[PDB]
Amino acid sequence: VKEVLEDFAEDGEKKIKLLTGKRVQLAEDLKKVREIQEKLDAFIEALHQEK
Amino acid sequence: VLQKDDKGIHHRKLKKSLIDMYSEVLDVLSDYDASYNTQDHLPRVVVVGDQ
């Protein structure tokens, strides 16, 4: 069983096609778009310092 | 239009001075409260001297 679990742990496809039920994926976008949010707001404040 | 130029692009280094905006900040604190307590909220240089 430990051997099987290790083999499945290394298998990325098995993780993709098993244990997919959590809602964390939705939250990953909420957190990742923070870089876009920073670049855009900083660019707008740069439009405001220039004009 | 001249007032807009002062507010926005005055095409001169003086434009968008951050001390200039602090002067208005302190003036509006004074307007909020005649009493000293709230005027003491924000920094300024107070000069006292012998008569």
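- Structure determination for this entry, per the PDB record, employed cryo-EM and reached 9.68 Å resolution.

1. Considerations on the overall build of chain B
And step 1. Assigned secondary structure in chain B consists of 3 helices and 0 strands.
And step 2. Starting at the N terminus and walking to the C terminus, you meet the elements of chain B as α-α-α.
And step 3. In terms of C-alpha radius of gyration, chain B reaches 15 Å, well past the compact-globule figure of 10 Å for 51 residues.
And step 4. For chain B, the C-alpha atoms occupy an extent of roughly 40 × 30 × 15 Å along the three principal directions.
And step 5. Within chain B, buried positions represent 14% of all 51 residues.
And step 6. By element, 56% of the accessible surface of chain B is carried by carbon and sulfur atoms, the whole surface being about 5,000 Å².
And step 7. Averaging the locations of the 7 positively and 9 negatively charged side chains of chain B gives two centres separated by 16 Å.

2. Comments concerning a nonpolar patch on the surface
All names here are of chain A.
And step 1. A cluster of nonpolar side chains, namely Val33, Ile36 and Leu40, defines an oily patch on the protein surface of about 280 Å² accessible area.
And step 2. Relative to the helices and strands, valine 33 is located in the loop between helix 3 (24-32) and helix 4 (34-50).
And step 3. With a relative accessible area of 44%, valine 33 lands in the partly exposed category.

3. Considerations on the pattern of salt bridges
Residues and elements named next belong to chain A.
And step 1. Applying the stated rule across the entire model yields 2 salt bridges over all chains.
And step 2. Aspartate 11 is the salt-bridge partner of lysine 14, the closest N and O atoms lying 3.0 Å from each other.
And step 3. For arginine 34, the salt bridge identified is with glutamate 35, shortest N-O distance 3.3 Å.
And step 4. Given the relative accessible area of 54%, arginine 34 is considered exposed.
And step 5. Take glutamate 35: its relative accessible area is 47%, and that puts it in the partly exposed class.

4. Examining the environment of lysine 13 of chain B
And step 1. Topologically, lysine 13 of chain B is positioned in the loop between helix 1 (2-7) and helix 2 (18-32).
And step 2. Spatially, the C-alpha atoms of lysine 13 of chain B and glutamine 51 of chain B are 38 Å apart, while their sequence positions differ by 38 residues.

5. Digging into the environment of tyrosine 36 of chain B
Residue and element names in this part refer to chain B.
And step 1. Tracing the backbone through its elements, the reader meets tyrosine 36 in helix 3 (residues 36-39).
And step 2. The exposed category is assigned to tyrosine 36, whose relative accessible area is 65%.
And step 3. Sequence separation between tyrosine 36 and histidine 11 is 25 residues, and the spatial gap between their C-alpha atoms is 38 Å.

6. Some remarks on the side chain of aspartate 33 of chain B
Residues and elements named next belong to chain B.
And step 1. Here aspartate 33 is to be found in the loop between helix 2 and helix 3.
And step 2. Of the side chains with opposite charge, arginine 44 comes closest to the buried, unpaired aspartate 33, at an N-O distance of 10 Å.
And step 3. Contacts of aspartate 33, omitting those with residues within four sequence positions, involve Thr38 and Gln39.

Definitions and cut-offs
- Residues numbered from 1 in each chain as written, not as in the entry; some residues may be left out.
- Chains lettered and ligands numbered in written order.
- Part of a larger assembly, values for the part shown.
- Heavy atoms only, no water.
- Helix = DSSP H or I, 4+ residues; strand = E, 2+ residues; numbered from the N terminus.
- Rg over C-alpha atoms; globule rule 2.2 N^0.38 Å.
- Buried < 20%, exposed > 50% of the residue type's maximum accessible area, 1.4 Å probe, protein only.
- Areas by Shrake-Rupley, 256 points an atom, 1.4 Å probe, with all protein chains shown as cover.
- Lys, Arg positive; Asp, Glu negative; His and termini not counted.
- Charge placed at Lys NZ, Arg CZ, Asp CG, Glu CD.
- Patch = residues over 30% accessible without salt bridge, like charges linked within 9 Å, V, L, I, M, F, W, Y side chains within 5 Å.
- Salt bridge = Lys/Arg side-chain N within 4 Å of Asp/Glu carboxyl O.
- Contact = heavy atoms within 4.5 Å.

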